[PDB]
Amino acid sequence: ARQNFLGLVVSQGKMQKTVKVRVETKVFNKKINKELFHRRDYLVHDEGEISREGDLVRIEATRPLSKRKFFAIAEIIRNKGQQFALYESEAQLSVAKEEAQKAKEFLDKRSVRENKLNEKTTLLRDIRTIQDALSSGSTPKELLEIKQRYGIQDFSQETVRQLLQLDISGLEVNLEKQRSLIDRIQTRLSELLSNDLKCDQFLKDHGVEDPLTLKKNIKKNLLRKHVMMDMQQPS
Amino acid sequence: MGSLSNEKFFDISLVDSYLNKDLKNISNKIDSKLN
Amino acid sequence: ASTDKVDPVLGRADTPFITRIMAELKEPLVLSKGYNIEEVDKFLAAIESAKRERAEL
Amino acid sequence: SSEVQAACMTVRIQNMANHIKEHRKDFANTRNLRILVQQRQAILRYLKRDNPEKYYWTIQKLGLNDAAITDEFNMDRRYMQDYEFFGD
Amino acid sequence: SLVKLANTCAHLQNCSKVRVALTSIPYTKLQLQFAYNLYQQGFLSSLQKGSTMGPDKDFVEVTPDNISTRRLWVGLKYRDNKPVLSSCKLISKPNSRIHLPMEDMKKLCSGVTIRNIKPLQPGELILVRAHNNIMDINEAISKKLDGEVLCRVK
Amino acid sequence: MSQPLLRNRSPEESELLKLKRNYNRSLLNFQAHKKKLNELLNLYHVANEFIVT
Amino acid sequence: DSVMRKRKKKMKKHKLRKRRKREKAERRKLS
RNA sequence: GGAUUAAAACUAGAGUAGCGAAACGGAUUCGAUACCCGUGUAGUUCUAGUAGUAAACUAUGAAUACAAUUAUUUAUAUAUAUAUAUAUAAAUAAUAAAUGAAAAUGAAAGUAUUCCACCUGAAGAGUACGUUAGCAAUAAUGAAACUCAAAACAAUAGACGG
Ligand SMILES: [K+]
Ligand SMILES: [K+]
Ligand SMILES: [K+]
Ligand SMILES: [K+]
Ligand SMILES: [K+]
Ligand SMILES: [Mg+2]
Ligand SMILES: [Mg+2]
Ligand SMILES: [Mg+2]
Ligand SMILES: [Mg+2]
Ligand SMILES: [Mg+2]
Ligand SMILES: [Mg+2]
Ligand SMILES: [Mg+2]
Ligand SMILES: [Mg+2]
Ligand SMILES: [Mg+2]
Ligand SMILES: [Mg+2]
Ligand SMILES: [Mg+2]
């Protein structure tokens, strides 16, 4: 049959309807006693100009098409070259949109900081008026303004404590919950495995059919999936 | 002592108990006990 | 000569990502060592408030 | 991730390039800059093979192009003169 | 990896020279098949799975969590003040792999130097890899298999 | 010889592994954050001795 | 190579340098 | 392919104490274009460049896996009846094995694997010619003819040593 080769497109878009394909064949080199790969670039006809640099293609022998062209593209085995072209165009649009959004979020942050620098009022001073007015009874209009600078309509000892909250405090509680879950899951499964009877019951209670007839790994995974379905789904 | 310390140069325990309603929920607790 | 000659070291001039990060480092109240001014103002106010509460117990 | 590594290298490359522009005789740190730029090329070349979509997105955001990444680069004297690294 | 196999063959030679009774090799399928053939052929006293610190006494399932710390532990044999496993060399090298048809393997076992491979000697073991299985050359000839001539052990 | 060379992690094992690893990274970040605040507190205590006016 | 053998190369280099100085001088007068 | 690259040297502009090719003198000597002494120019210094060479040496390319000991430091870690002790690495020194023409190497010059550079008798010769590069000195590349049966290394025993 017609001689067919597999190769990588190494040049495209330089000649009209012609691409350069790199074909590698296996040969034996008697001198060094080693089976080597021999490489050759083929000028190949691309009637539809579909192939792109980087594509893996199969080329088939044809009639003479020019001084040096004797093969044509017969199939695109892998279209990595075509993918490269599509992803580059999308990237330009995708990145422009993201950069526009980030540029607007930077100017907004700058405006807020500039606005705050125009308000001579300071947190410490404001928190020293909400704690003196709340301990003296005075209600100068500054407080009403302070009830707008911060949004704190009510001036109580439990409102300054909520104006000065630090994110670290929230992190400290999320971390304790995370540690609890892991510790509970491990103790639960550890105990369950120690008692085969309580384990068999555990599985049946959660909806396993004849858990007794199961393997150690085929069933410990069920136990693990259940212990993690009784401490993460209920919570 | 932590939050309930007498040192002039205290640690972050005191500031944490304040923002966690502990130095206040203990002051009331002690006072309620005194009552 | 019509090729897109992009500096392989510094990249295209006026890249929005490069410029914005540079600008952020030169903002008025940027702090070092991982501190942010907003967290430092609340923390310093909390110290004062916390001291008053410890002086009211 | 390769995209993060390239971005982190970009920051250091930008800082080191600024140093070199003021210390054009500091060949020790010029060599360090060259190696770092080549390291960034290496990580991005792998990214193009591993996740082409992310690759093209990353280089566009960093201000580079495919040629800057694939082509052999030595940051040699001709580069310093063709891109006016030191100015005048 | 043929490189890993080369490392193991050299390692066994080094251990034999000093006459250590027990040593470890990397934990991989190829290494395990290689060691198992040596064990069945009487070159190794023992073959145990284990860790970086020693052979396992009780079965330890291998998983991604501990794969990096796994090792294969092999016992070397010595009789009459001579090592049983004196030499261990690759035939098919990383930079020059040798694939032979069953016809050429029969010539190699018959005294004919094929592709510069010295023929099989009395009491020597030549291993062949076919479809990712390692077997003695005589067994490959029995199964009419063509394969890569990996190494020779004496 | 018949034993499989490697047993892949079950989906559940990978979930518990990710929980521990996320916890490890979060705990270290928190401990560094708290250390920095404790240094900011000890610097506030001495800033009365520093001159800015 | 030993010092003894190095000395043979040393002599050849000296004679080449001596000849090139001699040629230079001539060029100066002939120029 | 690129970059950097001692000393000498070169192109400009500064500097010039001391040192110091050369040169001119003083000695020594049978002679002394030397060794020693004097006066001491270039140079040695700085700035901006050219050039890319050294016994540029460990005369030993880089990477990886691995093999028997001791000593001594260093580092990290651990413990305590708190200052040592126990661990794991690195460096250095002396070694086993192994290798080697031997001298010796010693974690490589050992056991192996991968990649690069390089060699194929002496002399002619790193010369000639050409080419490329440089302001230049030069640098890189780099032969053949003729002639010979030499030529070289480690080690041994002598002889000799102002
Ligand atoms: K035609
Ligand atoms: K090269
Ligand atoms: K001078
Ligand atoms: K030296
Ligand atoms: K090399
Ligand atoms: Mg690299
Ligand atoms: Mg030599
Ligand atoms: Mg001058
Ligand atoms: Mg003199
Ligand atoms: Mg130069
Ligand atoms: Mg020279
Ligand atoms: Mg040289
Ligand atoms: Mg030197
Ligand atoms: Mg390296
Ligand atoms: Mg020359
Ligand atoms: Mg000798």
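For each chain, numbering begins from 1 and proceeds through the sequence as written. The entry may number the same residues differently, and residues missing coordinates are not shown. Starting at A for chains and at 1 for ligands, labels are handed out in the order in which the entities are written. Shown here is a subset of chains from a larger assembly, with all values computed for this subset only. The basis for the side-chain values is all heavy atoms of the structure; hydrogens and waters are excluded.

- Looking at the entry header, you'll see cryo-EM listed as the method and 2.32 Å as the resolution.

## Considerations on the overall build of chain C
No. 1: Put simply, DSSP marks the helices as runs of H or I at least four residues long and the strands as runs of E at least two long, and each gets a number from the N terminus on. Scanning chain C for helices and strands turns up 2 helices and 0 strands.
No. 2: Taken against the 2.2 N^0.38 rule, which gives 10 Å for 57 residues, the C-alpha radius of gyration of chain C at 22 Å runs more than 25% over that of a compact globule.
No. 3: In terms of its C-alpha atoms, chain C occupies a principal-axis envelope of roughly 80 × 15 × 10 Å.
No. 4: Only protein chains enter the accessibility calculation, which uses a 1.4 Å probe. A residue is then buried if its area is under 20% of the maximum for its type, exposed if over 50%, and partly exposed in between. The buried share among the 57 residues of chain C stands at 35%.
No. 5: Per-residue and other accessible areas follow the Shrake-Rupley method at a 1.4 Å probe size, with only the shown protein chains counted as cover for residues. On chain C, roughly 3500 Å² of surface is accessible, and the fraction owed to carbon and sulfur atoms is 56%.
No. 6: Think of it this way: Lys and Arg go in the positive column, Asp and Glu in the negative one, and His and the chain ends go nowhere. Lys charges are placed at NZ, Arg charges at CZ, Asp charges at CG and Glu charges at CD. Across chain C, the 9 positively charged side chains and the 11 negatively charged ones have centroids separated by 4 Å. Radius of gyration here uses only the C-alpha atoms, and the compact-globule reference equals 2.2 Å multiplied by the residue count raised to the power 0.38.

## Comments concerning the state of the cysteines
All names here are of chain E.
No. 1: We call a pair of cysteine sulfur atoms a disulfide when they lie within 2.5 Å. By the definition in use, this model includes 0 disulfides over all chains.
No. 2: Here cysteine 151 is not disulfide-linked; the sulfur of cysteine 9 is the nearest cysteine sulfur, at 5.2 Å.
No. 3: Judged by its relative accessible area of 0%, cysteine 151 is buried.

## Details of the packing of aromatic side chains
No. 1: Between the rings of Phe, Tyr and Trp (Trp by its six-membered ring), a pair exists once the centres lie within 6.5 Å; its type follows the angle of the planes, with under 30 degrees stacked, over 60 edge-to-face, and the other angles tilted. In total, this model carries 9 aromatic pairs over all chains according to the counting rule given.
No. 2: Geometrically, the ring pair formed by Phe5(A) and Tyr42(A) is tilted, given 5.6 Å between the ring centres and 40° between the ring planes. Of this pair, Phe5(A) sits in strand 1 (residues 4–15) while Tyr42(A) sits in strand 3 (residues 34–45); the two residues are 37 residues apart in sequence, bridging distant segments of the chain.
No. 3: Between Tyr79(D) and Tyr83(D) the ring centres are 5.2 Å apart and the planes differ by 35°, which places this aromatic pair in the tilted class.
No. 4: Judged by its relative accessible area of 30%, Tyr83(D) falls in the partly exposed class.
No. 5: Members of the aromatic cluster, joined through ring pairs, are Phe73(D), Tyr79(D), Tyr83(D), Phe85(D) and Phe86(D).
No. 6: Whether a charge lies above a ring is judged from NZ of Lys or CZ of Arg, which has to be within 6 Å of the ring centre and within 35 degrees of the ring normal. The aromatic ring of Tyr42(A) is capped on one face by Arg40(A), whose charged end is 4.2 Å from the ring centroid.
No. 7: Lying across the ring of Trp57(D), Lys54(D) places its NZ or CZ 4.6 Å from the centre.

## Topic: the protein's contact with RNA strand H
No. 1: Of all residues adjacent to RNA strand H, which total 28 residues, the nearest are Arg77(D), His11(E), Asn95(E), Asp1(G) and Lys24(G).
No. 2: Here, proximity means that at least one heavy atom of the residue falls within 4 Å of the molecule or strand. Within 4 Å of the protein, the contacting atoms of RNA strand H are 89% sugar and phosphate, with bases supplying the remainder.
No. 3: In the analysis that follows, any N or O atom pair within 3.5 Å is treated as a polar contact, provided that within protein one partner can donate a hydrogen and the other can accept it, and provided that, for residues neighboring in sequence, both atoms belong to side chains. Contacts to RNA strand H include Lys9(G), whose side-chain N or O atom sits 3.2 Å from a phosphate oxygen.
No. 4: Secondary-structure elements contributing two or more residues to the surface near RNA strand H are helix 2 (27–50) of chain D, helix 1 (2–18) of chain E together with helix 1 (3–30) of chain G.
No. 5: At 9 residues, the largest contribution of residues to the surface near RNA strand H is made by helix 1 of chain G.
No. 6: Here the surface near RNA strand H is composed, by residue class, of 8 nonpolar, 7 polar and 13 charged. Under the scheme applied, nonpolar residues are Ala, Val, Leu, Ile, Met, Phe, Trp, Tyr, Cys and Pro; charged residues are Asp, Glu, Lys and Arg; polar residues are all the others, including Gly.

## Regarding the sheet that holds strand 3 (residues 70–76) of chain E
Residue and element names in this part refer to chain E.
No. 1: Strands are treated as partners if at least two bridges between them are detected by DSSP. In space, the 3 strands of this open sheet follow the order 1-3-2, with antiparallel pairing throughout. Of all the strands in the sheet, the pair left with one neighbour each is strand 1 (22–26) and strand 2 (44–51). With strand direction ignored, the average angle separating the axes of adjacent strands in the sheet is 30°.
No. 2: Across 5 bridges, the pairing between strand 1 and strand 3 is antiparallel. In the sheet register, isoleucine 25 faces strand 3, and the bridge partner there is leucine 72.
No. 3: In this description, contact between two residues means that some pair of their heavy atoms is separated by no more than 4.5 Å. With axes taken as lines fitted to C-alpha atoms, and helix axes fitted only over the stretch in contact, angles between N-to-C directions fall between 0 and 180 degrees. Here helix 1 sits on the sheet in contact with strand 1 and strand 3, set at roughly 170° to strand 1.
No. 4: Lying on the sheet, helix 2 (residues 29–40) is in contact with strand 1, strand 2 and strand 3; it crosses strand 2 at an angle near 155°.

## Things to note about the nonpolar core
Soluble globular proteins tend to pack their nonpolar side chains together in the buried interior.
No. 1: Here the nonpolar core consists of buried residues drawn from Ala, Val, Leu, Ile, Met, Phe, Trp, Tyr and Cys, with membership extended through side-chain atoms lying within 4.5 Å. Counting 47 residues, the largest nonpolar core has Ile127(A), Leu164(A), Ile185(A), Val227(A), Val15(B), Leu19(B) and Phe43(C) as the members making the most contacts within it.
No. 2: If near-sequence neighbours (up to four positions away) are discounted, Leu164(A) is found in contact with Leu123(A), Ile127(A), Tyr18(B), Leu19(B), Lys42(C), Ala45(C), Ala46(C) and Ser49(C).
No. 3: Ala17(D), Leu36(D), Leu44(D) and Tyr55(D) belong to the second largest nonpolar core, which has 29 residues in total.

## Overview of a positive patch on the surface
All names here are of chain G.
No. 1: Positive charge collects at one region of the surface, where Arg17, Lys18, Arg20, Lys21, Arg22 and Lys24 lie side by side.
No. 2: Here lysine 18 lies in helix 1.
No. 3: On the basis of relative accessible area, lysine 18 is assigned to the partly exposed category, the value being 48%. Put simply, a patch holds well-exposed residues, over 30% relative accessible area, that have no salt bridge, with like charges counted together within 9 Å and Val, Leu, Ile, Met, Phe, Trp or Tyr side chains within 5 Å. A pair is scored as a salt bridge if a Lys or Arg side-chain nitrogen falls within 4 Å of a carboxyl oxygen belonging to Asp or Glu.

## With respect to the packing of helix 6 (residues 167–194) of chain A against helix 7 (residues 196–205) of chain A
All names here are of chain A.
No. 1: For the pair helix 6 and helix 7, the least separation of the axes is 5 Å and the interaxial angle reads 115°. Contacts from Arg188, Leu192, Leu193 and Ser194 in helix 6 reach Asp196, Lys198, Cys199 and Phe202 in helix 7.
No. 2: Tallied by class, the residues present in the contact of helix 6 with helix 7 amount to 4 nonpolar, 1 polar and 3 charged.

## Notes on the interface of chain D and chain C
No. 1: Listed as interface residues are 19 residues of chain D and, on the opposing side, 13 residues of chain C.
No. 2: The tally of links between chain D and chain C comes to 7 residue pairs in polar contact.
No. 3: Those elements that provide at least two residues to the side of chain D that touches chain C are helix 1 (2–22), helix 2 and helix 3 (52–62) of chain D.
No. 4: Broken down by element, the side of chain D that touches chain C gets its largest block of residues, 5 residues, from helix 1 of chain D.
No. 5: Broken down by class, the residue content of the side of chain D that touches chain C amounts to 11 nonpolar, 5 polar and 3 charged.

## Digging into the side chain of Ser16(E)
No. 1: With respect to the secondary-structure elements, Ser16(E) resides in helix 1.
No. 2: Residue contacts for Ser16(E): discarding those within four places in its chain leaves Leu76(E), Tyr78(E), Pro83(E) and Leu85(E).

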